[PDB]
Amino acid sequence: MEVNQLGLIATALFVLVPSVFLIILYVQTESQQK
Amino acid sequence: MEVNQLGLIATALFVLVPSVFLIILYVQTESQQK
Amino acid sequence: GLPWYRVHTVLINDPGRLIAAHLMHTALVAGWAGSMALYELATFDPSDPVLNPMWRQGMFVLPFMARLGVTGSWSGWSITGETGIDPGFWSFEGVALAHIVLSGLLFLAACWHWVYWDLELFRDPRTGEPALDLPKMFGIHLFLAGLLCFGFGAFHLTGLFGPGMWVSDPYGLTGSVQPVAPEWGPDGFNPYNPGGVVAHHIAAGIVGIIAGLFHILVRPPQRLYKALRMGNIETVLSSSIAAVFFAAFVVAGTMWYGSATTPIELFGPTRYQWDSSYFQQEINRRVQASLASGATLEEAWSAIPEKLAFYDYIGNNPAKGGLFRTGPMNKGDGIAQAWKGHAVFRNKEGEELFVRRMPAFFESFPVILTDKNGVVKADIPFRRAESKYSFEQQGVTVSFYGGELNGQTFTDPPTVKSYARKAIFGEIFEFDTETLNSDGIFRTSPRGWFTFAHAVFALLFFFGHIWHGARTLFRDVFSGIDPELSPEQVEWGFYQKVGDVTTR
Amino acid sequence: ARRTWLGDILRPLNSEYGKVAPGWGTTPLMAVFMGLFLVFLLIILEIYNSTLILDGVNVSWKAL
Amino acid sequence: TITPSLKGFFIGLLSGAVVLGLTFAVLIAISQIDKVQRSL
Amino acid sequence: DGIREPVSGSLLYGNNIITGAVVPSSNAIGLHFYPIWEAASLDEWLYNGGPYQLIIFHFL
Amino acid sequence: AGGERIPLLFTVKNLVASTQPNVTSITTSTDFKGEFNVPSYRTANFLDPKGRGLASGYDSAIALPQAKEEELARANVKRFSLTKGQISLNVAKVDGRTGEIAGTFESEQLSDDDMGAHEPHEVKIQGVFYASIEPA
Amino acid sequence: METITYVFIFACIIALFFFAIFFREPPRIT
Amino acid sequence: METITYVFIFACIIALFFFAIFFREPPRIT
Amino acid sequence: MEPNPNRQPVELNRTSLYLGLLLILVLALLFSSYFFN
Ligand code: CLA
Ligand code: CLA
Ligand code: CLA
Ligand code: CLA
Ligand code: CLA
Ligand code: CLA
Ligand SMILES: CCCCCCCCCCCCCCCC(=O)OC[C@H](COP(=O)(O)OC[C@@H](O)CO)OC(=O)CCCCCCCCCCCCCCC
Ligand SMILES: CC1=C(/C=C/C(C)=C/C=C/C(C)=C/C=C/C=C(C)/C=C/C=C(C)/C=C/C2=C(C)CCCC2(C)C)C(C)(C)CCC1
Ligand SMILES: CCCCCCCCCCCCO[C@@H]1O[C@H](CO)[C@@H](O[C@H]2O[C@H](CO)[C@@H](O)[C@H](O)[C@H]2O)[C@H](O)[C@H]1O
Ligand SMILES: CCCCCCCS[C@@H]1O[C@H](CO)[C@@H](O)[C@H](O)[C@H]1O
Ligand SMILES: CCCCCCCS[C@@H]1O[C@H](CO)[C@@H](O)[C@H](O)[C@H]1O
Ligand SMILES: CCCCCCCS[C@@H]1O[C@H](CO)[C@@H](O)[C@H](O)[C@H]1O
Ligand SMILES: [Ca+2]
Ligand SMILES: [Ca+2]
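Residues numbered from 1 in each chain as written, not as in the entry; some residues may be left out. Chains lettered and ligands numbered in written order. Part of a larger assembly, values for the part shown. Heavy atoms only, no water. Residues with missing side-chain atoms left out of burial classes, pairs and counts.

- In the PDB archive, X-ray crystallography is given as the structure determination method for this entry, at a resolution of 1.9000 Å.

Pasting the structure below:
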């Protein structure tokens, strides 16, 4: 199918950038003193 | 120029994935009890 | 700790780092402007302002530079089609460079203000607590805004010391940057009168200067200070967001309806010029004037500027696009090359027939031809078995006047029908569809994209206003209501006045 | 906190946090300007909307 | 000159001022007649 | 619709998430019960919309 | 304007140019008009950046060993242009004692076609000229 | 490429379901 | 798109230089 | 430098991680068809 050639990187960064933001924040919460 | 259509996402993920791994590790080190 | 959606509240009691964050936001925005201009210069084709102007090419910041007088490139071209021009430093490239340098300097200032956050200037001299005197800051900044507004109007727009602004004829054929004198009568409030833009900046600027001085010199009334929580910087965020969503709705409106500050040679024509056949009427007027003066039909139509014919084409209507049909208009119908000329359809009796034009609402539209009184005379049928008006039955032909096909007549029904299909879009053009691998599907112009983003952001900023106005007026209960809340204050009959314990 | 040359010059401009005029102060005058401004906005809206039509004011591209 | 629609604009302006003025005049009068009672 | 006009529903046959579907079983079948073992082959079962019936009956 | 570079072989090679009749003396009214040859801007040995040429070089795109050749024929098969140019010389000054004349010229000719790879452009050249005439 | 992308996102969601159920923060009475 | 990519990576490297010099872990004698 | 007293730690608990990843992934599943177009 003749899809948009930027659709793949658009979708990839749409997932990765905010997901990574959340993972950074989660992991540094877990490493805080308990 | 007729470049490889996957060159962009290859380069982006090559940068993003290992950089994110380091950033995660660094930030959760900083947040540990000093 | 702080939830993720509150991380930036660490700035509320830290004026120095708030300034640093504002410097960084400013650096990012100026860096975007420079980057965007460079990307547009790397992709813009300046070779044809007639059939390939900036608004066919997806240019978004180029029209804003042109609106205020930046029209030339260091490489020698201008957006009105000139060669060998010298723009001086303030070419499109020089503007872009200036924004990149500004971005770097703001970045460095942000670093300084983040490190040296603890300035004595930011402390209340009595309490030693961080404190901004927002009422007086408002006066200082309003005075500055008024001076700058006034100077923009009195020096830049007038050409007294500056280039002026983009102005054009009513059909967008001969636009250029010109000095503009202020209009001091009631036509200054006509959105289509550029002199009113000049008068506005002179008059509003002076008013801003006067009101700025008032706000520097006169303290807020105690009753307004308390009611609007003028000691709380979040009240400024609330009312500033409100002013900004008002301004955003205004620029969305003037972009969609058109005004002296949204000219069609920079942003493309409006949807309403298609709705009202604005360009078709002027084309017909010129042709009829040529005929009355003794021109032949070929001469009358050959006198129509291709730029004028091109506005009378629905592929330039900004209400023909799609939300995910991305890029320049040229990616759709193609890069316009030439006017084919005006198509005149006739039936076998020789009556002139007119193709019913497509309204903007319709993604697709049938081919129906009427005589001058609107009586249907031919069409392209769907079902054939009871067809009465087919081009074959009615002997429909098409002759072209002006443009590439001037003097030519077609009688082959498939060829005549193909031209009739194009005539529902208005005037007919030849397009290069190969250079961009154009897909034949209409896209909107910068007029459409600007209007969409700013109406959307305006509506979203209404929520921001509501949210921060609430945070301001309800700061005392941000973490919850009083754990010892008097049930008599919420039950009925205890207090004469709701929520006032002094009322029994 | 850190004093600077520039900070000492600007100090009086950020020294009156919390200072108010008594009572209602200039609120009445402010209300008059607000009302005038509401009428101004209503005028320019109705001109643009063709609800208010003025001699010599042709709200169109044609005759700018 | 005063066009018909400028005259109409003035009629609408006056009408709105009358509605607001009568409304507030009535509310102010009622609020003064029927005051809340507070302990001294 | 049982008129030998097959509708493509799957991703690999040209659909995206918005257009894709498991397509209802053939109008020629009507309300007849069409398990896998009523077809002469999986290829027949697939052409006639066998997956739809297996899925909706197990789902319900 | 915009950066496009136009190379040309500015030339009057094999010029033959004639005056009006009855030039019993050359004066500031004498004019010359004539035609000249414009040979290819590069001569036959010139090799393109992939080593292809006319009288030397490769005859194919050797970095694309199995590409189809018809689409590259215009780049692969070098051609040598030979066209005509025109010039007018307007005498503006004459030293009758020394046989020297000077004036302005205008010439028209085609630009470089890169050995057939693209269409040439039309060029107009204006300038000044000098000539010394002597009996022979 | 599009099919791979759609199935990839779907597969990540199914994996997320698994962690969200079996590796949730356990509810604790305090 | 290629040029953007090359310049982007380069610009990130220059930024990294800035942080690595001016926002380094300060060397400390103990 | 003297420390900034306005700094605060930041947190994202595990449930919020799961909720956020679900939002992102489902938004991606939704908009990806339109990005490919
Ligand atoms: C230093 C001075 C300076 C100058 C001379 C320019 C000049 C330009 N800018 Mg740049 N810019 C600057 C600084 C500057 N900029 C800074 C600091 C930033 C970061 C915020 C930017 C970010 C920027 C962007 C994002 C863009 C530009 C663009 C441009 C071009 C068009 C400008 C335009 O349409 O403005 C329009 C300005 C207005 C409509 C002003 C609105 C004012 C509001 C309504 C005032 C509201 C509050 C006020 C207090 C109310 C009271 C008023 C009182 C008088 C009564 C022009 C070349 C455009 C461009 O072409 O980029 C290549 C563009 O898109 N600039
Ligand atoms: C004689 C001097 C003079 C002259 C000739 C002008 C001329 C102009 N003024 Mg200026 N002005 C002046 C002095 C002057 N002004 C002074 C002294 C002040 C006080 C500082 C102002 C403050 C001012 C403001 C606030 C505005 C103008 C605007 C304008 C433009 C009006 C035409 C237009 O496009 O309206 C278009 C704008 C409107 C018709 C107003 C719309 C009002 C909306 C409907 C209110 C509700 C908004 C709210 C968010 C709800 C939206 C809901 C929606 C989503 C459905 C015109 C350039 C307007 C402008 O900038 O236009 C581009 C404008 O908004 N002027
Ligand atoms: C005001 C903002 C604005 C506007 C009106 C424009 C307008 C334009 N741009 Mg520019 N651009 C901008 C900002 C803007 N741009 C920014 C910030 C960048 C850096 C990314 C660019 C970089 C850029 C490039 C590289 C190009 C353009 C191009 C264009 C043209 C084509 C636009 C298009 O196809 O959009 C398509 C728009 C969409 C598909 C809409 C996206 C909607 C999103 C995905 C919705 C997301 C929803 C969200 C996830 C929901 C969350 C829900 C949750 C809260 C629960 C058009 C003139 C093109 C052009 O022709 O250049 C000459 C082009 O190549 N722009
Ligand atoms: C001048 C504009 C402006 C400013 C300075 C602020 C400032 C603030 N907001 Mg408000 N707000 C605004 C407009 C603004 N807001 C608008 C338009 C909305 C509706 C969308 C809101 C709705 C809102 C809510 C519901 C809340 C705030 C909160 C806050 C505070 C914490 C912000 C934070 O830590 O986010 C951190 C943000 C992130 C870590 C990532 C956000 C990622 C976004 C969603 C996606 C991508 C953003 C992209 C980069 C933006 C480009 C923007 C451009 C297109 C305009 C801070 C005081 C919070 C608060 O009150 O705390 C006490 C809060 O709960 N704001
Ligand atoms: C749903 C609409 C709505 C709501 C619930 C709020 C709520 C609030 N506003 Mg916001 N505001 C709004 C829309 C709204 N606003 C609009 C459209 C603007 C213009 C941009 C503003 C500008 C604004 C400012 C500048 C400030 C507030 C503030 C506030 C807070 C205090 C109450 C207040 O001042 O109300 C204000 C009153 C109204 C919104 C009602 C106005 C009714 C008008 C005058 C009637 C006009 C009739 C009209 C002339 C008829 C002709 C129509 C024409 C088409 C023919 C409260 C959170 C303040 C705050 O944040 O304090 C901390 C504050 O400083 N508001
Ligand atoms: C709880 C487990 C369960 C149930 C209820 C079903 C049910 C069904 N399967 Mg599925 N299946 C299952 C597990 C199950 N399956 C598993 C684990 C696999 C992988 C091996 C499959 C693989 C599979 C395939 C490949 C197909 C089915 C098909 C069917 C349908 C036809 C079945 C049939 O003819 O049985 C007939 C058996 C009987 C009639 C005997 C019934 C004996 C009981 C004791 C008598 C009383 C029944 C009566 C209704 C009482 C009900 C009331 C209450 C007390 C329960 C029916 C919807 C077919 C289908 O989808 O067609 C569209 C089909 O092609 N199944
Ligand atoms: C240009 C570069 C821009 C980069 C931007 C990168 C960041 C942007 C991404 C931000 C994402 C934030 C997500 C936070 C997610 C998150 O943290 O949620 C949980 C969070 C709970 O907060 P609490 O106050 O309990 O605090 C706990 C703290 O640990 C959180 O920090 O609530 C919210 O954040 C409000 C928004 C809820 C939204 C919930 C939606 C979940 C529903 C699932 C929807 C999909 C299924 C639909 C089926 C039909
Ligand atoms: C340092 C320095 C310097 C430099 C600088 C620089 C180089 C800069 C740059 C800058 C830049 C270069 C910047 C950029 C920016 C950008 C931006 C900021 C963007 C953003 C974006 C966005 C935000 C988007 C969004 C979106 C999307 C993505 C999708 C669609 C939708 C929207 C639109 C929303 C100098 C040397 C001068 C000097 C001084 C020092
Ligand atoms: C391409 C996508 C990129 C996305 C990048 C997103 C980056 C987000 C950066 C988050 C930064 C977190 O910032 C981090 O906060 C934690 C607390 O939360 C701080 O940690 C501090 O608080 C904790 C908890 O009391 C103490 O144990 C610790 O000793 C102290 O230093 C770290 O000093 C800081 O480094
Ligand atoms: C960052 C490098 C700055 C280079 C400055 C080059 C100035 S160039 C100079 O500028 C004048 C003012 O615009 C013009 O009027 C003039 O024609 C032009 O030659
Ligand atoms: C018999 C079909 C050919 C007769 C001419 C068709 C109408 S005109 C035709 O339309 C195409 C679509 O816009 C354009 O891309 C192209 O430039 C143009 O030649
Ligand atoms: C920071 C500004 C960098 C300067 C950009 C390059 C010089 S300017 C550049 O030159 C090209 C070739 O002549 C032109 O085609 C193009 O239109 C023009 O923008
Ligand atoms: Ca094609
Ligand atoms: Ca002479």
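So that's the structure; there's more coming.
1. Section: the overall build of chain A
- Secondary structure summary: chain A contains one helix and zero strands in total.
- Seen along its three principal axes, the alpha-carbon backbone of chain A occupies a region of about 55 × 10 × 5 Å. (Helix = DSSP H or I, 4+ residues; strand = E, 2+ residues; numbered from the N terminus.)

2. Topic: the site of ligand 9
- Taken together, 13 residues lie near ligand 9, and A:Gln28, B:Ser31, B:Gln32, B:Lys34 and J:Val10 sit nearest.
- Of the chains in the model, those with residues near ligand 9 are chains A, B and J.
- Here an oxygen atom of ligand 9 sits 2.8 Å away from a polar atom, N or O, in the main chain of J:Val10.
- Within the complex, the protein chains bury 66% of what would otherwise be the 800 Å² of accessible surface of ligand 9.
- Secondary structure elements with two or more residues in the shell around ligand 9: α1 (7-30) of chain A together with α1 (7-30) of chain B. (Near = heavy atom within 4 Å. Polar contact = N/O pair within 3.5 Å; in protein donor to acceptor, adjacent residues only side chain to side chain. Areas by Shrake-Rupley, 256 points an atom, 1.4 Å probe, with all protein chains shown as cover.)

3. Overview of the packing of aromatic side chains
Residues and elements named next belong to chain C.
- Enumeration over the complete set of coordinates arrives at 53 aromatic pairs over all chains.
- Considering the side-chain rings of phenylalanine 60 and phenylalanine 450, the 6.4 Å spacing of their centres and the 45 degrees angle between planes classify their relative orientation as tilted. Taken together, the residues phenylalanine 60 in the loop between α1 (15-43) and α2 (62-67) and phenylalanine 450 in helix α15 (residues 446-473) connect sequence positions 390 residues apart.
- Judged by its relative accessible area of 8%, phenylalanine 450 falls in the buried class.
- Between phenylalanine 400 and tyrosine 419, the ring centres sit 4.8 Å apart and the planes meet at 70 degrees, which makes this aromatic pair edge-to-face. A residue pair is termed long-range when its members are at least 10 positions apart, and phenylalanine 400 in strand β7 (residues 397-401) and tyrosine 419 in helix α14 (residues 413-423) qualify at 19 residues.
- Accessibility expressed as a relative area gives 13% for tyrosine 419, which makes it buried. (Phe/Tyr/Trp six-rings, centres within 6.5 Å; stacked < 30°, edge-to-face > 60°. Buried < 20%, exposed > 50% of the residue type's maximum accessible area, 1.4 Å probe, protein only.)

4. Comments concerning helix α3 (residues 92-115) of chain C
- With 24 residues, α3(C) should cover 34 Å at 1.5 Å per step; its first-to-last C-alpha distance of 35 Å lies within 8% of that length.
- Where α3(C) is concerned, the buried positions are C:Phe92, C:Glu93, C:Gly94, C:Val95, C:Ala96, C:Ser103, C:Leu106, C:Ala110, C:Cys111 and C:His113.
- Residues of α3(C) that are buried sit in contact with α1 and α2 of chain C together with α1 (2-22) of chain I. (Expected span 1.5 Å × (residues − 1). Contact = heavy atoms within 4.5 Å.)

5. With respect to the interface of chain D and chain C
- On the chain C side, the residues contacting the 39 residues of chain D number 45 residues.
- The set of elements that each furnish at least two residues to the side of chain D that touches chain C consists of α1 (5-10) and α2 (27-49) of chain D.
- Ranked by the residues each element gives to the side of chain D that touches chain C, the list is headed by α2(D), at seven residues.
- In the side of chain D that touches chain C, the residues fall into 21 nonpolar, 12 polar and six charged. (Nonpolar A, V, L, I, M, F, W, Y, C, P; charged D, E, K, R; others polar.)

6. Focus on the coordination of the magnesium atom of ligand 1
- Its sole protein donor being C:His99 (NE2), the magnesium atom of ligand 1 sits 2.2 Å from that atom.
- Locating C:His99 in the fold gives a position in helix α3. (Donors = N, O, S within 2.8 Å, 3.2 Å for Na, K, Ca; no water.)

7. A few points about the sheet that holds strand β2 (residues 31-39) of chain G
All names here are of chain G.
- A sheet is described by the order of its strands in space; here five strands give the open sequence β1-β2-β3-β4-β5, paired in antiparallel fashion. The strands lining the two open edges of the sheet, one partner per strand, are β1 (16-18) and β5 (122-132). When strand polarity is set aside, the average angle formed by the axes of neighbouring strands in this sheet is 20 degrees. (Pairing = 2+ DSSP bridges. Axes fitted to C-alpha atoms, helices over the stretch in contact; angles between N-to-C directions.)

8. What to know about a negative patch on the surface
- Together, G:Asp59, G:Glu69, G:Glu70 and G:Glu71 make up a negatively charged patch on the protein surface.
- Considering the arrangement of structural elements, one finds G:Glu71 in the loop between β2 and α1 (73-76). (Patch = residues over 30% accessible without salt bridge, like charges linked within 9 Å, V, L, I, M, F, W, Y side chains within 5 Å. Salt bridge = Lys/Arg side-chain N within 4 Å of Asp/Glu carboxyl O. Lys, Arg positive; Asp, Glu negative; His and termini not counted. Charge placed at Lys NZ, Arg CZ, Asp CG, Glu CD.)

9. A short note on the pattern of salt bridges
Residues and elements named next belong to chain C.
- Counted under the stated rule, the structure contains 19 salt bridges over all chains.
- The salt bridge involving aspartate 312 is made with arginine 357; its shortest N-O contact spans 2.8 Å. With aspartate 312 in the loop between α12 (306-311) and β3 (335-346) and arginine 357 in the loop between β4 (352-355) and β5 (368-370), this pair connects stretches of sequence that are 45 residues apart. Comparing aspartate 312 with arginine 357, the two get one shared label, buried.
- Across the salt bridge formed by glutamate 363 and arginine 325, the nearest N and O atoms sit 2.9 Å from each other.

10. Some points on the arrangement of the chains
- Most contacts, among the 18 pairs of chains that meet, fall between chains C and D.
- Chain F makes no contact with chain I; the smallest distance between any of their C-alpha atoms is 26 Å.
- You won't find any contact between chain B and chain J; their C-alpha atoms come no closer than 8 Å.

11. Here we look at the site of ligand 1
Residues and elements named next belong to chain C.
- Neighbouring residues of ligand 1: 19 residues in total, closest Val61, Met65, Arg67, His99 and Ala204.
- In the environment of ligand 1, an oxygen atom lies 3.3 Å from a nitrogen or oxygen atom belonging to the backbone of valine 61.
- Take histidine 99: an N or O atom from its side chain is 3.2 Å from a nitrogen atom of ligand 1.
- Of all the secondary-structure elements, those providing two or more residues to the shell around ligand 1 are α1, α2, α3 and α4 (134-157).
- The greatest single-element share of the shell around ligand 1, amounting to six residues, is contributed by α1.

12. Overview of the UniProt feature "transmembrane region" in chain A
- The UniProt entry lists residues 7-28 of chain A under the feature "transmembrane region", expressed in the numbering used here.
- Within residues 7-28 of chain A, the helical portion is 100% and the strand portion 0%, while the C-alpha atoms at the span's ends are 32 Å from each other. (UniProt positions renumbered as here; feature names shortened; annotations may be inferred.)

13. A word on the pairing of β4(C)
Residue and element names in this part refer to chain C.
- Residues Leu353 and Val355 point to one face of β4 and are all buried, whereas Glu352 and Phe354, pointing to the other face, are not buried.
- The sheet contact formed by β4 and β5 spans two bridges and is antiparallel. Across the sheet, the residue bridging to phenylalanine 354 is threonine 370, located in β5.

14. Re the nonpolar core
All names here are of chain C.
- The biggest cluster of nonpolar side chains holds 49 residues, and the ones touching the most others in it are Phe345 and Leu369.
- Taken together, the elements giving at least two residues each to this core come down to α10 (278-292), α11 (297-302), α12, β3, β4, β7, α14 and β9 (428-432).
- Examining the composition of this core, we find that five residues originate from one element, β3, more than from any other.
- In contact with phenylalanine 345, other than residues within four places in its own chain, are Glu351, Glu352, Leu353, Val355, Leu369, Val396, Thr397, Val398, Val416, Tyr419, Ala420 and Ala423.
- If you look at the next biggest cluster of nonpolar residues, it comprises 22 residues, including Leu41, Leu62, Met65 and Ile79. (Core = buried A, V, L, I, M, F, W, Y, C linked by side-chain atoms within 4.5 Å.)

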